[PDB]
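Only one chain is given next, in structure tokens, and it is the form deposited in one PDB entry.
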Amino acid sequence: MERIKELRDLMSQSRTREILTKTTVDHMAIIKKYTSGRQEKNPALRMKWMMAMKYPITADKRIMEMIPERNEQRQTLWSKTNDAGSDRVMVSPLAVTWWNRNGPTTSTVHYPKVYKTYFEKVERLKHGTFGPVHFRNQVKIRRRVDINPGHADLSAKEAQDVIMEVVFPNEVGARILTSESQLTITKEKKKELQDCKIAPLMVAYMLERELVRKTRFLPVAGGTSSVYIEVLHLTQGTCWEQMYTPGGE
């Protein structure tokens, strides 16, 4: 209803009618990346010399309704912009700090849910036990280990298919889920993610983190399991070995 009215309005014009009618779905990928402005180089230097400016941030105009123009110490937080389409406003880090110290507070936050893997890593590190450090000659073998265990039953392709089925049921295409474990995980995630208030893309990335398996070639000396690879920087050295036991099972 809203989208179709927007499409009608957008096709009412002349140039946009040509763009929509003379462009195929494939060519979208080409025109979406289309740009004609100057290219930016050395982002680090730009940040270095821009953080000294008054307003190095750009925010949606809605921020005007939330963050006051100035704080108690008369320090301006945002200023109206001229070189814009009236959808962006300049902002200072003072605005970020003001929101963090005085912004609206809520008891519902999605960070723990969207990043369950990192919290699992934190829990594993918290309950781990440390043994003695041995100064001995260390022999390292460059081999392919995993960094993200993913789901043991599902492979990379199976995990991707399950993710697409769970997040975008009507866009899977010709693909079909065959493995029984695939179907079970799909059902479990559909039940768990039902009525989710997060964007589908970020839910898909969450599922990718939770399910897909990633392997890298690293110099390892000792364990190979993912719980040990995540702590390789700490349990292994050129001439020292730090005995460790992750808190996980």
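The term rigid core refers to the maximal set of C-alpha atoms that superpose within 1.5 Å between the two forms. All residue numbers are counted from 1 along the displayed sequence.
There is also a form deposited in another entry; it is not shown, and the following applies to it.
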Rigid core superposition between the shown form and the other one: residue from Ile176, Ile141, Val133, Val122 with Cα shift of 2 Å or more: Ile176
Per-residue C-alpha change between the shown form and the other one, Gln194, threshold 2 Å, rigid core fit: yes
Core-superposed comparison between the shown form and the other one, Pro104 Cα displacement 2 Å or beyond: no
After fitting the core, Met47 CA displacement of 2 Å or more between the shown form and the other one: no
Distance trend in the other entry - C-alpha atoms of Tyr118 and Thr108, change of 3 Å or more: closer
In the other entry, whether the C-alpha atoms of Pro200 and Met66 sit closer or farther than here (change of 3 Å or more): closer
